[PDB]
């Protein structure tokens, strides 16, 4: 069934607890000192990472070419260790998936794994009043405190949890191309 061993390896080497004015979130480190967190975390210029106050060197709230929220924020942090590079486990394209795990790492739940079954490419979602694109959906109840939970299948990190109603959960897609080294562009 589920790739529990894979989800477990991602959680140990590549997640941290992040805390902003908005609360705590599971935060996925991706490569070097680059990580992701849901845009609703409202990242500022400092953040707590495992309860250590950390300078945010860069934060990019992703939107698509329709200027619509994608609900991922890519952050660059001022800290000493690099994350293990997990870009090769990121999907190239939008897709549907079988048998996913949602894993959570917070002060409340420091390591918890939830199979969520099939994951469908859902598309548009109205996410607490913000229109949002590129959403993945799983038919599992959602509870508070799971935001940023990392959604995996064996060998693939496919997105991060961003919301739910009492019956479904929603994750924001991760694509490999969000994290390729690139072009000289004024971003702020």
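Residue numbers count along the first chain shown, from 1. So that the term is clear: the rigid core is the largest set of C-alpha atoms that superpose within 1.5 Å between two forms.
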Exercise for review: With everything overlaid on the rigid core, name the stretch, 53-61 or 140-148, whose CA atoms wander farther on average in 8 other deposited structures of this protein.
Suggested key: 140-148
Exercise for review: Output the stretch having the higher mean C-alpha B factor in the entry; the candidates are 36-44 and 145-153.
Suggested key: 145-153
Exercise for review: Between 53-61 and 135-143, point out the one with the higher average CA B-factor as the PDB entry records it.
Suggested key: 135-143
Check your understanding: So among 76, 87, 92, 105, who wins on Cα B-factor in the entry?
Key -> 105
Review point. What third of its chain's C-alpha B-factors does residue 125 belong to: lowest, middle or highest?
Key: highest
Practice item. Would you mind ranking residue 19 by its C-alpha B-factor against the rest of the chain and naming the third, lowest, middle or highest? Key: middle
Exercise for review: Would you mind checking where the Cα B-factor of residue 171 ranks among the modelled residues of its chain, as the lowest, middle or highest third?
Suggested key: lowest
Revision key, fill the gap. By the entry's values, the third containing the CA B factor of residue 72 is the lowest
